[PDB]
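Residue numbers (UniProt numbering), protein chains in the order written: chain U, 544 to 593; chain X, 643 to 675, 691; chain Z, 298 to 621, 635 to 675, 691; chain W, 14 to 66, 81 to 145, 153 to 176, 187 to 246, 263 to 297; chain V, 855 to 889; chain D, 939 to 1037; chain B, 988 to 1037; chain P, 742 to 790; chain G, 742 to 827. Remarks on the structure that follows.
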Ligand SMILES: *[C@@H]1O[C@H](CO)[C@@H](O[C@@H]2O[C@H](CO)[C@@H](O)[C@H](O)[C@H]2NC(C)=O)[C@H](O)[C@H]1NC(C)=O
Ligand SMILES: *[C@@H]1O[C@H](CO)[C@@H](O[C@@H]2O[C@H](CO)[C@@H](O)[C@H](O)[C@H]2NC(C)=O)[C@H](O)[C@H]1NC(C)=O
Ligand SMILES: *[C@@H]1O[C@H](CO)[C@@H](O[C@@H]2O[C@H](CO)[C@@H](O)[C@H](O)[C@H]2NC(C)=O)[C@H](O)[C@H]1NC(C)=O
Ligand SMILES: *[C@@H]1O[C@H](CO)[C@@H](O[C@@H]2O[C@H](CO)[C@@H](O)[C@H](O)[C@H]2NC(C)=O)[C@H](O)[C@H]1NC(C)=O
Ligand SMILES: *[C@@H]1O[C@H](CO)[C@@H](O[C@@H]2O[C@H](CO)[C@@H](O)[C@H](O)[C@H]2NC(C)=O)[C@H](O)[C@H]1NC(C)=O
Ligand SMILES: *[C@@H]1O[C@H](CO)[C@@H](O[C@@H]2O[C@H](CO)[C@@H](O)[C@H](O)[C@H]2NC(C)=O)[C@H](O)[C@H]1NC(C)=O
Ligand SMILES: *[C@@H]1O[C@H](CO)[C@@H](O)[C@H](O)[C@H]1NC(C)=O
Ligand SMILES: *[C@@H]1O[C@H](CO)[C@@H](O)[C@H](O)[C@H]1NC(C)=O
Ligand SMILES: *[C@@H]1O[C@H](CO)[C@@H](O)[C@H](O)[C@H]1NC(C)=O
Ligand SMILES: *[C@@H]1O[C@H](CO)[C@@H](O)[C@H](O)[C@H]1NC(C)=O
Ligand SMILES: *[C@@H]1O[C@H](CO)[C@@H](O)[C@H](O)[C@H]1NC(C)=O
Ligand SMILES: *[C@@H]1O[C@H](CO)[C@@H](O)[C@H](O)[C@H]1NC(C)=O
């Protein structure tokens, strides 16, 4: 839905309130999104590096 | 081998315990014998 | 100098660092190869026929002596604009592999030929790199390149699948599929020829008369020099702090005969931290050497303006050979820390008052 | 003036190890007792190199061409896209006297050859040559291996060469030798394929391809490259 | 994370606790002689 | 006499100083976004109204590098001073008397 | 001009990273001094009587 | 400072070695921390009970 | 920064007094080094000398006392230390 980024997506148990679209924790780092079709909450984590 | 510091390839894991000479981390390190 | 540096009218006992010392150059030396042949430029500038923009004429010139003064002052050019070089300095520089591109374009498209420029000719006929270095010359050819019967021989590219590449030539002529169906070699609906012709006529006003444009491109030290300008060649000077212009490489130092074992293809060596150490003169082909002229900080030893007004001068890390207001002064002493003027050496040994270095120091008595 | 070669000799395209060959002087700057790192086109260490004991091979980016030839049978090279007059073609010939470099719209048959009469005078490699672009003549190039490196960068055809006597029977020697820069051709040609020429009476050579990577080079006291290390070969490297 | 990493210490907490235990047993039993 | 690498600390100090000098002198060969890394070429090749811009780029880059070098030197000097104070105390207490 | 904007971003981020590194160096020096004091105290007041 | 961008990396390339010394300083800090812990706690030849 | 270029010096002149600040720190560093050495080694007021006859109850200090034969007047261990490190 216009929010773009790289990562790996998993199932999440976070419960959005019925009008949000995504979440974040600190320093504006998106962590969870809601798909516009299924309307469920997923979780995003960055790809491994080191 | 899988370690708390990551993954190690090219080394063998043994059950003994010697003095630490090439520190790797998390309390383990490697040496030459192989 | 001490008073000015410390911003005070009184100075207490001690040694202070005021300024530095450098040895000025004496004369100049220029060394160029013995090449004196002229360069053909009227052949390409005064050519009777110029090709079209899509088939722009490409020419390579090297191994010649080109004088840009006679072309700089020429008033036959409407537009005379270079990018990376100031025109007045072209007579003072030497390049290799000069590339000349000549073509004919419309009057209003002259602005299209520029780095970081978009349009129709600039992206479909001739793409100039963003970091292009060189110059562009443009001049109106309505008097000879415009025909009363109409000039249709001049054509320009109009369509392509994508954008071109810098310094790319396209001569392919195929029908353009402007729609969702193949043309199959039929110039009909959604099918056009990528080349569009011109209607050059003398009766047409400005913005449509033919214009001849020649662009020149250079390189920056990728090979031994082959094309320079008219310049005078001097001789070689040894063991003198002078400045040199060896084949465009400009630098100041002292030139010394060197025994370094080059190999028959190097032109100039260096050492760690890419410092130009040795060079090869063009005419004589000798292994030279470059060493910087002497330099170093200076310091003043004074016992305090409260007591006296006579001082001593220390030149740091300088052998007592090129000292030159204190040309002579007093007796001159040589130390491990440099040279010293204005103090007298003794055989005694006391406590250290004003530390100087290498285990020696000075005090006031003189 | 040539016909199809009826006796279709087959050169077995074997594979052998590249080892540590293909090192050349990258620039024109003298150095001494310094370890310099440079990134350029090179032949990767310990790769496969094709051995032939004449087919058509692509030019790709650069070519490492080695020949442990005896009695100097190899003659020259052909470069181009389709080896026809429709496209610009390039020819290098190294006969008994001065070598000749030609750039014209030459035409060739299926299997060009030189041939020798036993009184040595025969040349029917090409068929036609109408439009010429470049001409050049130089000194002749020639138990003794001869190695060449051909590169095409910025309209410049760089040819590096080096020859060294050999005593090993078949495989490439496991030694080290840099390649001095020999000739630069200042002509821009869109080459994609190349050929080879033999001096038949009227067949072993190695071909490798280059890739862009970084090397570390050690200069001795006198400025001659004496040892090298390839970056992307092994963790130790 | 955005290109930053945290590395674990070489000594785990169990080893540090073991050092403290050894020091304390030594000072209880042997006084200052073991130093 | 026999075993080597017994004097690691002084060798490390020397190595760090030499490395700092080497990187400082090597920083002189960076474009810093300009068109050339050598000042004489840009002076003698190009027209002043933007040659000044190029010189400004070189100036700011080199000044920043020099500032970083000076700060590192200050930190190292501080730790060396601490070590020297410890050495002086040790030589006063253990050489001139029994500790 | 995209490259000019990228240049601004690059120089700003580089400056910030430099500041962080310098602050870390200062804090590390202070921590090292504290650790030396702790080592001396452990040597003296645990292994002997002061 | 680039976040996996080719043009950003190319532009950063012309700034010299501004990043080798940063990692060098950080590694020095880490080694110093390990040495601090080792020299403060490891002061016994054996392990008593 | 400038490498003997007047234009560079003129352009740098409008950047304030940065160079005085920079040069004022290195001088302090050098003075600090000198003071460090002086305060760590200059601990005594007189230069004592050992007697020529050496009978120290059986102890043998010959390896640590200075060697008159060597031009450097350094002991054996000091020479080993000097040669060991670059
Ligand atoms: C192209 O031809 C013109 C002649 O129309 C050249 O211009 C003249 O060159 C002569 C050379 O002796 C000078 O004496 C004249 O003063 C020039 N101007 C005129 C109006 O006659 C021009 O130089 C030629 N092009 C080049 C590149 O040389
Ligand atoms: C200062 O310079 C002079 C002149 O170059 C040096 O004198 C030379 O010393 C060398 C070494 O003994 C001799 O081979 C030359 O013949 C001397 N030349 C002259 C003209 O006397 C002098 O050694 C230098 N001083 C220092 C401290 O380096
Ligand atoms: C250099 O020559 C090769 C042919 O050897 C050209 O490759 C052709 O490219 C066109 C355009 O994509 C294709 O339609 C042809 O099929 C290709 N031919 C072959 C044999 O593969 C190449 O384009 C040429 N490059 C330049 C810059 O002229
Ligand atoms: C050799 O050169 C001649 C002269 O340019 C070529 O003849 C021209 O070829 C082009 C190619 O498209 C045609 O457009 C011209 O009409 C031809 N002109 C004449 C007078 O024939 C010839 O094609 C070239 N040979 C080869 C093999 O390309
Ligand atoms: C570098 O070149 C020098 C100068 O020739 C070499 O030194 C002498 O070289 C000749 C001929 O090669 C020998 O006959 C001498 O025995 C050499 N003298 C010494 C003292 O070696 C030197 O050998 C060359 N270095 C290398 C690595 O080839
Ligand atoms: C003190 O020790 C030194 C060696 O450290 C002794 O010097 C040796 O003396 C013997 C007998 O004279 C020689 O054979 C050795 O070569 C000497 N060694 C060196 C390194 O010089 C010295 O004799 C000892 N002094 C006493 C009084 O025992
Ligand atoms: C010892 O090592 C072997 C092989 O690595 C492993 O299978 C085993 O679990 C280890 N421990 C014991 C107690 O054998
Ligand atoms: C140029 O000619 C002069 C005249 O004889 C000669 O002395 C010099 O060596 C020549 N230089 C070159 C590079 O040919
Ligand atoms: C320094 O000045 C003081 C007073 O300002 C004076 O008493 C003293 O004699 C002076 N020292 C000299 C002249 O050496
Ligand atoms: C003192 O030094 C001078 C030269 O500096 C020297 O000639 C003289 O022999 C030395 N000794 C005496 C007692 O003058
Ligand atoms: C070289 O070619 C042979 C073909 O027989 C192949 O087995 C081998 O893996 C190749 N070498 C490498 C490094 O891929
Ligand atoms: C060898 O080539 C040269 C080219 O210049 C030619 O003059 C000469 O006749 C050739 N020799 C033979 C035997 O073909």
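Don't be surprised by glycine CBs; every beta carbon is placed ideally from N, CA and C.
The three-state reading of DSSP puts residue 226(W) in strand, counting E and B together. Residue pairing of residue 209(W) in beta bridges, as defined by DSSP: 188(W). Taking 7 Å as the CB threshold, residue 864(V) lines the interface with chain X.
The beta-carbon distance between residue 544(Z) and residue 391(Z), rounded to whole angstroms, is 7 Å. This is short enough to meet the 8 Å contact definition.
Along the segment 967-978 of chain D, the positions whose C-beta sits under 9 Å from a C-beta of chain B are 971, read in chain order.
Note on residue 790(P): under 16 other CB atoms within 10 angstroms of its CB, so exposed under the neighbour-count rule. Between the beta-carbon of residue 442(Z) and that of residue 454(Z) there is about 19 Å, and that puts the pair past the 8 Å contact cut. A residue is called buried once 16 or more other Cβ atoms fall within 10 Å of its Cβ, and residue 664(X), having fewer, is exposed. Comparing alpha carbon positions, the residue from 581(Z), 587(Z), 508(Z) closest to residue 568(Z) is 587(Z). Nearest to residue 424(Z) by C-alpha distance, out of 430(Z), 432(Z), 431(Z), 415(Z), is 415(Z).
Residue 987(D): member of the alpha helix (DSSP H) spanning 986-1032, first to last residue. Selection 617(Z), 509(Z), 635(Z) evaluated against residue 642(Z) yields 617(Z) as nearest (Cα-Cα). Comparing alpha-carbon positions, the option among 644(Z), 675(Z), 657(Z) lying closest to residue 666(Z) turns out to be 644(Z). Listed along chain V is no residue with a C-beta nearer than 9 Å to that of residue 1001(B); the closest approach is about 14 Å. Annotation for residue 229(W): 201 place their beta carbon closer than 6 Å to its own, counting only its chain and skipping 5 residues before and after.
The criterion of a C-beta distance shorter than 7 Å is satisfied by residue 31(W) and residue 268(W). Contact annotation: residue 773(P) and residue 1026(B) have beta-carbon atoms that are not nearer than 7 Å.
Collapsing the DSSP output to three states places residue 879(V) in a helix. Per DSSP, reduced to three states, the secondary structure at residue 384(Z) is helical.
For the segment 742-771 of chain P, the set of positions with a beta-carbon nearer than 7 Å to some beta-carbon of chain D reads 755, 756, 757, 758, 762 in chain order. Listed along chain X are 647, 667, each with a C-beta nearer than 9 Å to that of residue 861(V). If you check the C-beta of residue 603(Z) against ligand 9, you find a heavy atom less than 6 Å away. C-alpha of residue 287(W) to C-alpha of residue 818(G): approximately 40 Å in a straight line. No heavy atom of ligand 8 is found nearer than 6 Å to the CB of residue 751(G).
For a Cβ distance threshold of 9 Å, residue set 43 of chain W lies close to residue 575(Z), ordered along the chain. Per DSSP, residue 465(Z) lies in no alpha helix (DSSP H) and is assigned neither H nor E. Comparing C-alpha distances from residue 557(Z) to each of 63(W), 15(W), 283(W), 292(W) shows the shortest one belongs to 283(W). Annotation for residue 297(W): no beta strand (DSSP E) segment contains it, and DSSP assigns it neither H nor E. Taken through DSSP and simplified to helix, strand or coil, residue 404(Z) comes out as helix. A Cβ of chain D is located within less than 7 Å of the beta carbon of residue 1012(B). Taking 7 Å as the cut-off, the Cβ atoms of residue 509(Z) and residue 347(Z) count as close.
Apart from the 5 residues on each side of it in sequence, residue 484(Z) sits with its Cβ closer than 8 Å to the Cβ of 472, 490 in its chain, given in chain order. Per the C-alpha coordinates, the member of 1008(D), 973(D), 1023(D) positioned closest to residue 761(G) is 1008(D). Using a C-beta cut-off of 8 Å, the segment 382-391 of chain Z makes contact with the segment 520-528 of chain Z, since at least three inter-stretch Cβ pairs fall below that distance.
A check of alpha carbon separations from residue 593(Z) across 321(Z), 311(Z), 546(Z), 431(Z) identifies 321(Z) as the nearest.
Residues of the segment 556-585 of chain Z that bring their beta carbon within less than 8 Å of a beta carbon in chain W comprise 557, 558, 559, 560, 562, 563, 564, 565, 566, 567, 568, 569, 575, in sequence order.
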